[PDB]
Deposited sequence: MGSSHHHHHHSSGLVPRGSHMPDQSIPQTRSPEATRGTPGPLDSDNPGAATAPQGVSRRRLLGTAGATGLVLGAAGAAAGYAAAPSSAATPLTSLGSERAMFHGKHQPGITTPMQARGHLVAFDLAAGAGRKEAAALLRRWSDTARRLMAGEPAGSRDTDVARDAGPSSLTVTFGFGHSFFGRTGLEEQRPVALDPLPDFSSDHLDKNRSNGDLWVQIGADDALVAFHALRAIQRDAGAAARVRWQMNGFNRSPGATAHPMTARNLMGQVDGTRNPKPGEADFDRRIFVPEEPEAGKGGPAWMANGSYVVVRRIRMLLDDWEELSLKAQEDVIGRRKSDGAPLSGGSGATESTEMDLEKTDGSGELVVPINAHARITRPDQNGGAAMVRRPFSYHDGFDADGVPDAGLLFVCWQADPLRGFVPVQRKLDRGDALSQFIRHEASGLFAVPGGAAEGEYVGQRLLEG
């Protein structure tokens, strides 16, 4: 049986073809942070920053302290599956005089009618995703990365997230979200023949083996959601809450059982409703549009009226946003049974390049003089 100490001893690779934090297994603790380059900081300052950040990432992902003046916060813990991932926003390129290298894929997301975005908690020059299965390890990484910014960049926004911890269930299982739904079942899987083309830029050149991430802070309107009946909730998604099986599934069905989108009930109504979330998001309903969803849940407290600031830190990965998040979200905007129960309140789109080779730093091909 897998030992408890494996929570701490497990580690992800920093160096490799792809950056960690994309196909890396879900982590119990997450920090998303965006930085803006400081006044007077340009391409040279950005290059030095990414070099510092990569060195910090390399050390901490191996469970080692920072190079100098380590805080000891993560001392005695193993790497705990820590990953650090770096991305570049549209604005980064104007700030560094690198507009020639700005991918078309970074063109601004649509202004969807259902958007309620806080501009101050959205976008940014630089994005860092930190995740681990230990909270001190995760915070230690966040603080080290943030302190590495120094005079070169400032924290624009920062969000905390969480997921199920390793060992919480008797067997490895798909995660749940705060709506109580099984969440993550139908992601494209490594090993599928079209996975690389769906998710990664093929081998501008600086983005080779990279991916595009869309981040959305989506508040769940739990006060309304939880007033619904179980049947009503399951109709919104088109899958059962108990096990994640399609509503069209029999008693032996599981989350992986194929949808039957034609099956009707006693009343002649579609068993998986025509507006069900897990119907209308499918690649086969969106001209092949696909993405890898790798989110965190969040809860940041209650307001004066007792409304929870809680939901999903939606994070999705694709080779081209126009072949992933964007067409799907265009459809969900007004067509999704789920839309009235959620609010998109922050947004980001970042170019996440390939992994660092040994002796190199993340984004080196882009930033090197």
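Residues of the deposited sequence lacking C-alpha coordinates, counted from 1, fall in the stretches 1-88, 292-299.
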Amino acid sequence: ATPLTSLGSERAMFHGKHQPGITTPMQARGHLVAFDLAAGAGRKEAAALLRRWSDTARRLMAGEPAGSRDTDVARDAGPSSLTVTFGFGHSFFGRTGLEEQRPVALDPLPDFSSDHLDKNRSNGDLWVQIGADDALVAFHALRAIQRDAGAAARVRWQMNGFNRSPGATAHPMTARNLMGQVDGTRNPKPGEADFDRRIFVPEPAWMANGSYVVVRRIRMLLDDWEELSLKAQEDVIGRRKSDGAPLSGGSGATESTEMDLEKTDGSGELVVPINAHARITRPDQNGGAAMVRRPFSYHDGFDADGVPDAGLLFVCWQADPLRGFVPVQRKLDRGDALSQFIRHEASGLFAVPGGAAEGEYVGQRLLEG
From here on, numbers count along this sequence of modelled residues.
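Stretches 281-289 and 167-175 differ in mean C-alpha B factor, with the higher average recorded for 167-175. Mean CA temperature factor is higher for 39-47 when stretches 56-64 and 39-47 are set side by side in the entry. Per the PDB entry, 304 shows the highest C-alpha temperature factor of the residues 337, 26, 315, 304. Per the deposited record, 205 carries the highest C-alpha B-factor of all listed residues (82, 182, 205, 247). Per-chain ranking of the deposited C-alpha B factor places residue 351 in the middle third. The PDB entry assigns residue 31 a C-alpha temperature factor belonging to the middle third of its chain's modelled residues. In this PDB entry, the Cα temperature factor of residue 271 sits in the top third of its chain's modelled residues, the highest group. When the modelled residues of the chain are ordered by C-alpha B-factor, residue 212 sits in the lowest third. Ranked against the other modelled residues of its chain, the C-alpha B-factor of residue 78 as given in the entry falls in the lowest third.
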